[PDB]
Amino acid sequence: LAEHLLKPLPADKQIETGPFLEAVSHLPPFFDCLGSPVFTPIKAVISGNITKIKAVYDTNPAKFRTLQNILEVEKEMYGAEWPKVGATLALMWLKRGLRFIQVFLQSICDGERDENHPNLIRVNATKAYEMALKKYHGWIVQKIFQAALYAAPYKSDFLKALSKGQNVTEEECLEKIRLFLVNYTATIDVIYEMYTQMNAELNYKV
């Protein structure tokens, strides 16, 4: 988050793949900021999506210059297999990870907390799950997630972690997150919109 930020969207509202991936590839360290091995495989899972995208991009950076480029090339290339293939499926899942991240931090900067347990971040994690991922998952993965929330940190530890290196007050640092959240939220919206427009979203549970 914080330091290497995604720049804002333009007229055409196209997101360049190169810059996008350079950007998002900083976000899995962050799972280290949850501060537990419980969360290792999740990060792996997102490195995964990203790699799969970078794989396609690199086969021909011009041909796949923008994120739409990918979706539209793959639609042609693969049959009715699409969108359930390729980078389109990777970005499809990744955008949901980014969105979770997005809702989560939003929730934390906004001061949504549980009155009882106010330095836990389970409420902030659950709201995230519910907006970003729940509908695509069966009960088991939800049970798991709830159980993972016990390995989540207290809020204040989480933020030291996010800011680790920088020597700012917690208050100062939340402020850095809000600014991050501006073009992050913007960008996720643009991808979500695209997926709806190109008709690449899958609405059913894995």
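Position 1 is the first residue in the sequence shown; the rest follow in order.
**Student:** Got a sec? Mean C-alpha B-factor, which is higher, 26-34 or 48-56?
**Tutor:** Averaged over C-alpha atoms, the B-factors run higher in 26-34.
**Student:** Split the chain's modelled residues into thirds by Cα B-factor; is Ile191 in the lowest, middle or highest one?
**Tutor:** Answer is middle: the recorded C-alpha B-factor places it there.
**Student:** Lowest, middle or highest third of the chain for the C-alpha temperature factor of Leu181?
**Tutor:** It belongs to the middle third of the chain when residues are ordered by C-alpha B-factor.
**Student:** Where does the C-alpha B-factor of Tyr150 rank in its chain, lowest, middle or highest third?
**Tutor:** Middle third of the chain for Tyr150's C-alpha B-factor.
**Student:** Taking the C-alpha B-factors as the PDB entry records them, is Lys84 in the lowest, middle or highest third of its chain?
**Tutor:** Middle third - that is where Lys84 ends up once the chain's C-alpha B-factors are sorted.
**Student:** Taking only the Cα B-factors deposited for this chain, tell me whether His137 sits in the lowest, middle or highest third.
**Tutor:** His137: CA B-factor falls in the highest third of its chain.
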